[PDB]
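Participant: first chunk of the complex, coordinates as they sit in the assembly:
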Amino acid sequence: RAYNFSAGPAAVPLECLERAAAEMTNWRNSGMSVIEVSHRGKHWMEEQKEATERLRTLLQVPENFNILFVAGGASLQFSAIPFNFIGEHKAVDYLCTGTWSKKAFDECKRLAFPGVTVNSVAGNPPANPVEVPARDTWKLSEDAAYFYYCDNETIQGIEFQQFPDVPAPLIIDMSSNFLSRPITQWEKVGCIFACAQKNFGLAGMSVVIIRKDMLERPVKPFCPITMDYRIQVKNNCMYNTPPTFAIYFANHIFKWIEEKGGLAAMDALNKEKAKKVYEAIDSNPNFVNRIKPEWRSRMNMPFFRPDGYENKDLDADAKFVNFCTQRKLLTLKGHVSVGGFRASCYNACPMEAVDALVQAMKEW
């Protein structure tokens, strides 16, 4: 077992892999793999109900929110969100703090729903952002259907300590920090979503959590029927065949998070993990992270050579990632757009892996 710092898909608890291995040919004493079972059958309908409730209880999701498991990554939800939540409103607001919030903004722009202003709150971010632009600089729209933002930017390593204070309901991309800490301010939230492959298992599935009053809004025309979240809610997320393995495996990870003492415990461990990684970049002269303490991500810790933000060198970066690969510290190569290095440490990343990376960097 290597120490895996992949951004996505990412490390998973070893216990969950072992349970899946051991259940693979015969699950729930059914004489079948979870892969082979009808989704209209008793066994699967139990598993999906269980998974939904486990998530309801882990997050303390209020009674006035629906919880959905749906096929497709975060990128598909970028399209679905404006189809579902613009309603009759004449404007939408996107705070683009980095690449992922910018892509979601670009998808809403490109779709070009008639009469709807697609508004970038702080404009496009710079190539290498240091912070979230000041609250007093934010351009908000009069008739905003929602305020979209990304709670944790993976490539930049920018994370909100708390939810923004704005008049419109928040729609929040939590792909890279979902179930990494509790969520407290539910009254502000219209929708929260996350692809599964960062903090709860397989790619190709996302969780979407929606406040019930948001689905009373009319769906825009030409929405694919399965991306209409009202139809999903109505049919128990089984209008068609759901991504059964992904929901099964996510449920095992939900159980594992519970065993570790809920989401508060995850937040503490993740903070302890991030503390050791950021200190090892800061104190060492070979590595640099320009992100400021207020906005530093507990999940994704990017860093470059001293002039690596401005001067891209694929050969210079290559030697350090090989140095890490050679000692079983895998997938520390940064995202291609920025290059450099990135330690992604989600819930399943152990402290043993963090200490090993610290020791490796300190010996560079």
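Facilitator: Ah, there it is. Numbering: from 1, shown residues only, chains lettered A, B, ... in the order given.
Participant: Am I right that residue A:38 is in contact with residue A:32?
Facilitator: No: applying C-beta atoms under 8 Å, one finds residue A:38 not in contact with residue A:32, separated by 9.3 Å. Every residue, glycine included, has its C-beta placed from N, CA and C.
Participant: Which one of the two is surrounded by more residues?
Facilitator: Neighbours per residue, other C-beta atoms under 10 Å: of residue A:38 and residue A:32, the larger number sits with residue A:32, 15 against 12.
Participant: Could you pull out the strands in the stretch 201-350 of chain A for me?
Facilitator: Taking DSSP state E, counting those that start in this stretch as the test, the strands found in the stretch 201-350 of chain A are A:205-211, A:300-303, A:329-330, A:341-344.
Participant: Deepest-packed of these, please.
Facilitator: Scoring the strands of the stretch 201-350 of chain A by mean neighbour count under mean count of other C-beta atoms under 10 Å gives strand A:300-303 as the most buried, with a mean of 27.
Participant: And that one, what does it pack against?
Facilitator: helix A:262-282, strand A:341-344 (3 or more C-beta pairs under 8 Å, 6 or more residues apart in numbering; DSSP states H and E).
Participant: In a helix, residue A:70, correct?
Facilitator: No: assigned with DSSP: H, G, I helix; E, B strand; the rest coil, residue A:70 falls outside any helix and is strand.
Participant: Check the gap between the closest residue in space to residue A:240 that isn't next to it in sequence and residue A:232 for me.
Facilitator: Distances taken as C-beta to C-beta, 6 or more residues apart in numbering place residue A:226 nearest to residue A:240, at 6.3 Å, with adjacent residues excluded. To residue A:232, residue A:226 is 7 Å away according to C-beta to C-beta, to the nearest Å.
Participant: what residues does stretch A:113-124 touch?
Facilitator: Residues outside stretch A:113-124 that contact it (C-beta atoms under 8 Å, 6 or more residues apart in numbering): A:82, A:86, A:89-97, A:102, A:105, A:108-109, A:112, A:132-133, A:137-141, A:144-145, A:147, A:220.
Participant: try it again with 7 Å
Facilitator: Stretch A:113-124 is contacted from outside by A:82, A:86, A:90-96, A:102, A:105, A:108-109, A:133, A:137-141, A:220, using C-beta atoms under 7 Å, 6 or more residues apart in numbering.
Participant: So which of the strands of the stretch 201-350 of chain A is nearest residue A:126?
Facilitator: strand A:300-303 (14.9 Å; C-beta to C-beta).
Participant: does the residue most central in space within chain A belong to a helix or a strand, and which?
Facilitator: In chain A, the residue lying closest to the centroid (C-alpha atoms, centre = their mean) is residue A:175, at 1.1 Å. According to DSSP states H and E, residue A:175 maps onto no helix or strand at all.
Participant: Identify the residues contacting it.
Facilitator: Contacts for residue A:175 were tallied using C-beta under 7 Å, 6+ apart; they are A:74, A:194, A:195, A:198.
Participant: And it, how far from residue A:105?
Facilitator: 15 Å.
Participant: ok so, going back, what's the most buried one of the helices and strands packed on strand A:300-303?
Facilitator: strand A:341-344 (a mean of 25).
Participant: residue ranges for the helices of chain A, please.
Facilitator: A:14-23, A:42-59, A:74-85, A:99-111, A:229-234, A:244-259, A:262-282, A:314-326, A:351-362 (DSSP state H).
Participant: to the structure above, add chain B:
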Amino acid sequence: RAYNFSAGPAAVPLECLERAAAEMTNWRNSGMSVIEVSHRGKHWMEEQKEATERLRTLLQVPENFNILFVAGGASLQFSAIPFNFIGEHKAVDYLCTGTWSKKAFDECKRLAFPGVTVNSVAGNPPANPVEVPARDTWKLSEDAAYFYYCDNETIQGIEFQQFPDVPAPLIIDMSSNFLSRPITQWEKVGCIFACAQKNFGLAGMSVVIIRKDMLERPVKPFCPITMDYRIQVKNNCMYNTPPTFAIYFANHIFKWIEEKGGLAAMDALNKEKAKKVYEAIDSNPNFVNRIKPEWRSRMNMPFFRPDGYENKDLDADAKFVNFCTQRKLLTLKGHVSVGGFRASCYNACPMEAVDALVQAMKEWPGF
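Facilitator: To build on what is shown above, here is chain B added in:
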């Protein structure tokens, strides 16, 4: 292991399940599960490349076709088809032989692309069709962008033996018979698609095979960017994160199919199994199937109590279903729309399972 006749998701080769479990914590000596591997890394890009090539080999997909692995089941592709392939044409043709083709037709009608006639070629199908309507009764549209149809209707058990002959390019839902036999006459084909959960593994993923000049057509407005097949092709199905475990597992099944002699061998084994099931239906006064022999599915074999097509009785159905369930013959309950019984027997359905089903049907004391 039970004898599993589920229509979808469906039985998988035990070897593939065993192979997946054995390398679950360490895939090809990488130090990590296939589940934990980056899609941008070297290991994953090889696996997906290999999976694509292997499928190309199995089917002998000609080089004027792209092969896609995409997130989402068949129902999402019902939406994506018209977005991608109407182009500037003023009509689309749908032949509705059963429930799934009708569903595909209804989604295109629902989406309501301005200025496009959504035409049902042979009308809406009856409650219990016994055949595909005769070719000479089909009413095709003048400027049709494509001719859409379902090669195997899972609930009705109606399967085409060969592709239809029509002017427009074919768009074919092969969800329930994909890789159950060879495909020829690629010149007739605009697009073929199949969700994975009948004949190549995990639900949540579909294969889409597209003739390259079909993607020269302009996409309709409001297409979600991940559902624009040009965008998928342009980014090697890695515009965003692909459903990696589904593709990996699909590839394991592709290898298993090659090990068993290829698609022509699958066709022979599936015909053997189907013939036994149909002879158990036909030769027994307690069971009936109405589908004409030329249209009988190899993959899905509905059958009923003697009067079960038009006279529904779920209690009488429940007696034989439970008779089967108490012998570990599982999910012989037919789709809720029709009641009665259905044996679904895809590639991985063991001959032993069919033998156990035939024995149950022979020993049933009767209705």
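Participant: let's see the nearest residue to residue A:240 again after adding chain B.
Facilitator: Counting by C-beta to C-beta, 6 or more residues apart in numbering or on different chains, residue A:240 lies nearest to residue B:75, which is 4.0 Å off, once chain neighbours are set aside.
Participant: Isn't the one you found up against residue A:228?
Facilitator: No: distance between residue B:75 and residue A:228: 11.8 Å, which falls outside the contact criterion (C-beta atoms under 7 Å).
Participant: Give me the more crowded residue out of those two.
Facilitator: residue B:75 (21 against 18; other C-beta atoms under 10 Å in any protein chain shown).
Participant: Quick check: residue A:146 touching residue A:190?
Facilitator: Yes: with contacts counted by C-beta under 7 Å, residue A:146 reaches residue A:190, the gap being 5.3 Å.
Participant: any residues in contact with both of those two?
Facilitator: With contacts taken as C-beta atoms under 7 Å, 6 or more residues apart in numbering or on different chains, the residues that reach both residue A:146 and residue A:190 are A:85, A:169, A:170, A:171.
Participant: Among the residues you listed, which ones are in strands?
Facilitator: A:170, A:171 (DSSP state E).
Participant: Pop out the phi and psi values for the closest residue to chain B within the stretch 251-364 of chain A.
Facilitator: Nearest residue of the stretch 251-364 of chain A to chain B (C-beta to the nearest C-beta) works out as residue A:331 at 5.3 Å. For residue A:331, the backbone dihedrals (degrees, to the nearest 10) come out as phi 60, psi 40.
Participant: before we move on, what about residue A:31?
Facilitator: According to degrees, to the nearest 10, residue A:31 has phi 60, psi 20.
Participant: For residue A:169, which residues are in contact?
Facilitator: Counted by C-beta under 7 Å, 6+ apart, residue A:169 has contacts A:146, A:189, A:190, A:211, A:214.
Participant: List the contacts of the fourth one.
Facilitator: Under the criterion of C-beta under 7 Å, 6+ apart, the contact list for residue A:211 reads A:64, A:65, A:169, A:189, A:190, A:191.
Participant: Can you tell me which of the residues you listed is nearest chain B?
Facilitator: For the contacts of residue A:211, the minimum distance to chain B (C-beta to the nearest C-beta) is 16.7 Å, reached by residue A:191.
Participant: The closest one touches residue A:214, doesn't it?
Facilitator: Yes: with contacts counted by C-beta under 7 Å, residue A:191 reaches residue A:214, the gap being 6.2 Å.
Participant: Overlap of the contact sets of these two?
Facilitator: The contact sets of residue A:191 and residue A:214 overlap at residue A:85 (C-beta under 7 Å, 6+ apart).
Participant: gap between stretch A:159-173 and the chain center?
Facilitator: How far stretch A:159-173 lies from its chain's middle: 15 Å, per C-alpha atoms, centre = their mean, to the nearest Å.
Participant: end-to-end on it?
Facilitator: 11 Å (C-alpha to C-alpha, to the nearest Å).
Participant: rewinding a little: looking at the shared contacts of residue A:146 and residue A:190, which two lie furthest apart in space?
Facilitator: A:85 and A:170 (11.1 Å).
Participant: which residues are in contact with both of these two?
Facilitator: Listed as contacting both residue A:85 and residue A:170 by C-beta under 7 Å, 6+ apart are A:146, A:190.
Participant: List the contacts of residue A:273.
Facilitator: A:345, A:349, A:351, A:354.
Participant: redo that, cut-off 10 Å
Facilitator: Contacts for residue A:273 (C-beta atoms under 10 Å, 6 or more residues apart in numbering or on different chains) come out as A:298-299, A:301, A:343, A:345-347, A:349-351, A:353-355, A:357.
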